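Protein chains in written order, with this note's numbering: chain A, 1 to 162; chain B, 1 to 170; chain C, 1 to 653.
Each residue gets a CB set at the ideal place from its N, CA and C atoms; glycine is no exception.
First up is the structure itself, then whatever we jot down about it.
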Amino acid sequence: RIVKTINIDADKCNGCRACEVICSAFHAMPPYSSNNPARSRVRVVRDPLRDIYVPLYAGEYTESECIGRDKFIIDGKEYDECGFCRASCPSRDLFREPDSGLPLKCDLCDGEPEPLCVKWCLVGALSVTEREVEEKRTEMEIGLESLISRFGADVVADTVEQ
Amino acid sequence: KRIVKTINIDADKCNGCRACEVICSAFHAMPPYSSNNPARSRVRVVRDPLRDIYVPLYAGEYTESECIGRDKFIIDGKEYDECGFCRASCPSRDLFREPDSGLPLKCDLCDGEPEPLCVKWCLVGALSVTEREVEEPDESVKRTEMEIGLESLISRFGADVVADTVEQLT
Amino acid sequence: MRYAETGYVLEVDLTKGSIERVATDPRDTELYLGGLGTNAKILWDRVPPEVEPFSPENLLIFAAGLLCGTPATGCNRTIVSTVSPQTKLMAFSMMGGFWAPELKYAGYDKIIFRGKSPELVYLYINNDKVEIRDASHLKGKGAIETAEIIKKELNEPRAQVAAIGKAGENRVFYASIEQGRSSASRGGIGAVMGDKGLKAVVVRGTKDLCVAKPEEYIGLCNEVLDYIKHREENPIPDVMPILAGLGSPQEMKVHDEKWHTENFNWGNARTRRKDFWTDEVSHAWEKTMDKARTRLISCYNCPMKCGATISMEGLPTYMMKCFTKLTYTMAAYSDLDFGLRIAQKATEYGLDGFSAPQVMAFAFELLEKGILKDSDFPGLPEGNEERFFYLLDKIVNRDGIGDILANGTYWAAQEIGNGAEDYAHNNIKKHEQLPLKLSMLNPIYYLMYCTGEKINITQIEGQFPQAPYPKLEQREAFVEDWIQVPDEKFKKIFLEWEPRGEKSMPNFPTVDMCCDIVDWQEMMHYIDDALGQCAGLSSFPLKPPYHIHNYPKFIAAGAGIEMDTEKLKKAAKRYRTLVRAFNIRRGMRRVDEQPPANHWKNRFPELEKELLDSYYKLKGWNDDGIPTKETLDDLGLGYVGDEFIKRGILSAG
Ligand SMILES: CC(C)(COP(=O)(O)OP(=O)(O)OC[C@H]1O[C@@H](n2cnc3c(N)ncnc32)[C@H](O)[C@@H]1OP(=O)(O)O)[C@@H](O)C(=O)NCCC(=O)NCCSC(=O)c1ccccc1
Ligand SMILES: Nc1nc2c(c(=O)[nH]1)N[C@H]1C(S)=C(S)[C@@H](COP(=O)(O)O)O[C@H]1N2
Ligand SMILES: Nc1nc2c(c(=O)[nH]1)N[C@H]1C(S)=C(S)[C@@H](COP(=O)(O)O)O[C@H]1N2
Ligand code: SF4
Ligand code: SF4
Ligand code: SF4
Ligand code: SF4
Ligand code: SF4
Ligand code: SF4
Ligand code: SF4
Ligand SMILES: [Mg+2]
Ligand SMILES: [W+6]
């Protein structure tokens with residue numbers, strides 16, 4: 001099968017946020033009838049004073065927050081809490097419709113000739129590439145035995161029947 | 001008001017010892033400390049000495065599907081790995097999944113214990129966890145580790161298959 | 001329904017703490033487009049001439065351009081308008097960055113401030129949510145410093161903040177308004193903002209912004225981007241670096257400043273150093289700039305990245321663009337290192353990087369001459385650099401001699417006396433000009449110095465080359481794809497134009513040709529400042545992606561109003577005349593419209609009189625600079641003509 005990788009050169013970004021403009025614009029209904037950076041599937045983490053410019057793409061949906069949130073210090077830069085998470089998470093507004101709260105997820109401009117965010121980034125911080133990768137039931141049994149060992153066979157049995 | 005906890009990670013102080021992987025795997029063995037295995041640690045260190053990359057990554061949220069596109073960063077001269085900052089228990093990689101079953105792993109901050117063990121064993125002080133109060137309510141749908149683990153299996157193998165197997169083990 | 005614009009504005013009374021959203025008249029849009037144009041309409045019939053700058057009835061308007069918030073590349077400018085405390089005329093100031101588009105996403109086109117707040121406060125906007133917050137804990141804080149504290153307070157990391165420094169709070173006549181890598185710099189608009197007890201304006205927006213013709217509007221947008229690529233592969237041949245490409249003066253990218261340091265006047269617009277740019281200097285400045293520049297950053301939705309984050313050791317990071325890079329350096333006879341360090345202090349304080357440097361150099365000339373004594377400067381340090389840092393703090397606090405210098409070179413010299421007016425030699429309408437004292441009279445720039453309502457030369461020029469090509473082949477090549485011209489005659493003028501001989505300045509181009517050129521260049525700036533389009537992609541650089549031929553299409557598809565080339569030309573003329581009428585009502589006459597006496601060494605009175613006479617005719621004004629009743633009625637400005645007669649400004653017949 002083919003996996004597509006979004007290549008993001010944070011060192012090339014200038015924080016124009018053009019990507020947010022075109023992405024939300026296209027996904028309007030009808031297309032380009034309006035725009036709204038809050039509805040963008042790509043969001044730029046921007047702090048000029050910290051020299052941080054990090055384009056983030058909408059990833060997976062999650063119904064619950066993490067028990068602990070992560071916060072990095074890398075190469076002198078103090079990033080934001082959850083600074084790199086692509087999740088549509090109940091802990092913030094990113095990757096969620098500003099009016100309904102519904103989750104947003106990048107689909108690489110499915111159907112279109114080219115990712116619009118990539119196209120409007122005239123400085124070339126963004127590119128998408130492809131590559132092929134290689135795609136048993138013994139894993140199931142071991143996991144179930146793991147679940148029985150950690151929580152108990154009586155607890156496991158009653159949960160499955162629900 | 002509720003409490004949110006933050007894992008503070010100073011990757012500039014990390015040395016790539018991976019002592020954090022040892023103790024977490026050890027404590028979460030059954031019974032505790034009976035064995036250890038970095039591959040089932042809920043903290044996993046991104047480590048490429050030649051690139052000077054040392055990044056502790058804590059197991060996060062479960063997802064039964066991969067994304068439509070994976071991201072890959074170049075930041076401050078360093079070319080990190082694809083998905084190099086993602087905490088997800090994802091079917092696209094082995095990180096934060098049991099090497100034998102495929103079950104999801106997730107850091108609960110050693111819930112029940114006096115202190116997070118990884119932090120306790122990191123003598124160079126690259127890790128630390130602090131607390132703070134917030135006003136935003138917790139709208140997390142809180143599922144148990146038991147429930148999330150069973151559901152991941154049910155999606156992978158089917159409810160009827162999982163059920164019959166359960167009644168053939170108990 | 002309305003498009004491009006939101007159709008709503010905010011009316012804030014800082015005296016009563018009242019806030020009100022009011023729908024706008026769509027007719028205003030058809031006549032004055034937006035931004036500067038509608039700002040002018042508001043100030044005209046709400047701010048009579050009896051209102052003083054620091055009077056509660058004076059207005060402070062924050063306007064987002066008509067096309068801000070749309071996918072239009074580079075369209076992100078804010079237009080701040082008020083009555084200047086320095087010039088006593090109208091003052092409109094432009095600011096880049098991300099503030100204007102955020103306002104549109106919040107649902108508003110303008111914010112109009114009246115009255116004064118007794119306590120220091122700031123305005124908080126979040127879509128439909130609008131409230132006044134206390135800001136006493138922010139007193140004295142720097143402009144950028146203030147924004148960061150607020151965004152932590154409110155927990156709004158993605159909110160845009162426009163704030164004033166201590167200079168604005170203390171009502172320095174050349175105090176500015178700072179927002180990230182952007183500044184409403186000139187006119188003293190920061191002084192009015194402080195006078196009203198308004199520390200900052202915070203806005204967050206997450207609403208949609210619509211256009212009338214979606215497919216058509218994005219089409220023009222892509223057309224611009226494509227031109228920007230092609231244009232950046234074909235810079236203007238044989239021009240200097242910071243004039244070959246698009247955008248604002250790329251002085252943060254180019255280390256070469258030979259044209260600047262050898263043609264512009266150092267100190268109080270005084271000294272010319274013909275041979276300053278040596279090898280030792282060029283290497284020392286490049287080293288300082290490589291070490292100080294962290295990253296070249298852009299404004300909202302623009303790839304040009306003109307600004308740059310500047311990090312000096314032991315100092316907080318600030319952002320810089322264009323000519324402020326040299327003004328502090330050249331005014332103090334120092335180096336680029338000193339300039340970057342003091343600019344950090346000045347940006348935080350919120351001072352105009354043009355006037356401030358000239359005011360301090362003006363003060364030291366007076367101290368040098370003996371017109372000012374050392375007793376006026378107590379505890380004065382020894383070093384030349386230390387003296388500027390000293391005088392800077394004295395000004396922002398209005399402390400002693402700093403209280404007088406805080407009024408500008410004009411008013412300061414007026415108060416000082418003893419021949420201090422002689423050293424205020426670089427003012428037009430009480431406003432400091434660019435430090436340029438050239439040799440031969442320039443017929444095109446003479447007009448721009450005399451009539452420019454912004455009273456700044458860098459913000460009226462652009463579309464016509466500043467100098468002719470020596471060889472005819474070069475000209476033919478240039479006019480080949482010069483599609484931006486309104487008329488073929490502009491090509492023919494540049495073809496005949498030569499640096500030396502029978503077709504050189506000041507006698508060529510002719511008086512009629514000069515008037516047409518000045519009218520075109522000015523028209524593009526007024527279109528920019530109404531639409532919100534950054535001049536860097538329009539009226540400033542040669543052969544821009546935006547021009548008189550596609551602009552009408554952007555307006556039509558964006559706002560949903562009927563618009564063509566001629567109707568657009570007339571529109572720009574309409575509120576450019578209205579702005580003129582506003583200054584006429586405030587006492588401006590032809591007498592005020594003269595360059596500094598020493599601006600050129602070779603003057604031609606008879607040619608200058610013919611130039612100003614002919615230009616007035618083209619504009620449709622009097623021989624005293626006043627718009628006639630005929631042209632006012634033709635433009636739809638009949639109410640102006642009536643009030644002129646009633647006020648005796650114009651005679652009936
Ligand atoms: C070359 C010019 C066109 C004028 O500079 P120069 O070449 O020095 O022109 P000069 O007038 O000094 O005379 C030179 C010598 O030639 C002589 N002479 C002259 N004409 C003739 C003749 N016809 N025939 C014979 N001789 C003639 C003349 O006598 C003199 O010789 P002397 O020493 O007296 O014996 C250019 O530098 C310029 O800036 N001009 C545009 C106007 C302007 O200021 N725009 C910029 C606005 S700021 C901006 O845009 C910006 C700011 C910050 C950031 C970003 C942007
Ligand atoms: N519409 C418009 N855009 C403009 C200008 C202007 O006067 N009007 N000034 C230009 C110049 S010469 C400079 S140096 C920058 C300054 O940007 P700032 O006001 O955001 O600091 O704006 C550029 N864009
Ligand atoms: N403090 C400060 N003053 C400044 C600037 C600036 O960036 N910061 N820009 C200068 C330049 S190059 C220009 S073109 C004008 C911008 O005009 P405006 O902000 O009044 O519209 O201000 C000048 N004064
Ligand atoms: S358009 Fe490109 S440079 Fe601009 S913010 Fe997006 S990724 Fe960064
Ligand atoms: S945003 Fe991501 S890292 Fe943060 S709590 Fe949510 S899922 Fe966890
Ligand atoms: S690739 Fe397409 S869907 Fe994804 S962020 Fe860019 S424009 Fe939006
Ligand atoms: S114990 Fe600390 S320094 Fe060692 S690998 Fe773990 S986090 Fe890094
Ligand atoms: S590892 Fe994370 S970022 Fe990568 S595909 Fe899976 S969920 Fe997406
Ligand atoms: S806090 Fe505890 S459970 Fe979480 S990774 Fe560290 S040792 Fe493991
Ligand atoms: S050309 Fe420069 S000043 Fe204009 S919008 Fe782009 S980055 Fe900003
Ligand atoms: Mg400005
Ligand atoms: W400029």
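The continuous alpha helix (DSSP H) containing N583 of chain C extends over residues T565 to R585. Counting the other CB atoms within 10 Å of its CB gives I483 of chain C a total below 16, which places it among the exposed residues. Of all residues in the region 8-19 of chain A, only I8, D9, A10 and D11 place a beta-carbon less than 7 angstroms from a beta-carbon of chain B.
In this structure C121 of chain A is in contact with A18 of chain A, their Cβ atoms being roughly 6 angstroms apart against a cut-off of 8 angstroms. Put simply, the CB of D47 of chain A is far from chain B, with every gap to its CB atoms at 7 angstroms or more. The C-beta of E134 of chain A comes no closer than 7 angstroms to any C-beta of chain B. The beta-carbon distance between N126 of chain C and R204 of chain C, rounded to whole angstroms, is 5 angstroms. This is short enough to meet the 8 angstroms contact definition. By the neighbour-count criterion, in which a residue is buried when 16 or more other Cβ atoms sit within 10 angstroms of its Cβ, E257 of chain C is buried. Counted as a single uninterrupted DSSP element, the alpha helix (DSSP H) harbouring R387 of chain C occupies residues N384 to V396. Per DSSP, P56 of chain B is not a residue of any alpha helix (DSSP H); the beta strand (DSSP E) it occupies stretches across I53 to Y58. DSSP places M524 of chain C in the uninterrupted alpha helix (DSSP H) bounded by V511 to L531. CA-to-CA, the gap between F389 of chain C and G379 of chain C works out to about 13 angstroms. Secondary structure at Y449 of chain C: helix, using DSSP grouped into helix, strand and coil. The beta-carbon of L144 of chain A is placed less than 7 angstroms from the nearest beta-carbon of chain B. Using a CB distance cut-off of 7 angstroms, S88 of chain A does not count as an interface residue toward chain C.
Judged by DSSP in its simplified three-state form, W600 of chain C adopts strand. Of the residues C:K492, C:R475, C:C515 and C:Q433, the one whose Cα lies closest to the Cα of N598 of chain C is C:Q433. When DSSP states are grouped into helix, strand and coil, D208 of chain C belongs to the coil group. Among the residues of chain B, those whose CB is under 7 angstroms from the CB of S149 of chain A are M30, following chain order. Among the residues of chain A, those whose CB is under 9 angstroms from the CB of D108 of chain B are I67 and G68, following chain order.
Residues of the region 51-62 of chain A with a Cβ closer than 8 angstroms to any Cβ of chain C, in chain order: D51 and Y53. For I74 of chain B, the secondary structure class from DSSP, reduced to helix, strand or coil, is strand. For ligand 12, residues qualifying as neighbours are C:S248, C:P249, C:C322, C:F323 and C:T458, where qualification means a beta carbon closer than 7 angstroms to at least one of its heavy atoms (chain order). Closest by C-alpha distance to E566 of chain C, out of C:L209, C:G219, C:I177 and C:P486, is C:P486. For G353 of chain C, the CB falls within less than 6 angstroms of some heavy atom of ligand 3.
Taking a 10 Å sphere around the C-beta of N602 of chain C, we find fewer than 16 other C-beta atoms and assign the residue as exposed. Between the region 1-12 of chain B and the region 62-80 of chain A there are three or more C-beta pairs closer than 8 angstroms, enough to call the two in contact. Residue pairing by DSSP places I2 of chain A opposite A:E132 in a beta bridge. Residue environment: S136 of chain C is assigned as exposed (fewer than 16 neighbouring CB atoms within 10 Å of its CB, all protein chains considered). Put simply, the backbone Cα of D642 of chain C is about 17 angstroms away from that of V47 of chain C. Just so you know, the alpha carbons of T347 of chain C and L392 of chain C end up roughly 12 angstroms apart.
Boundaries of the alpha helix (DSSP H) harbouring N222 of chain C: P214 to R231, taken from the DSSP string. The way I'd put it, the region 125-133 of chain B doesn't touch the region 43-53 of chain A; fewer than three beta-carbon pairs between them come closer than 8 angstroms. Taking C-alpha positions only, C515 of chain C is separated from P509 of chain C by approximately 10 angstroms. Take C66 of chain A, set aside five residues on each side of it, and no residue of its chain has a beta-carbon closer than 7 angstroms to its own. DSSP places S40 of chain A outside both helix and strand once states are collapsed to three, so it counts as coil.
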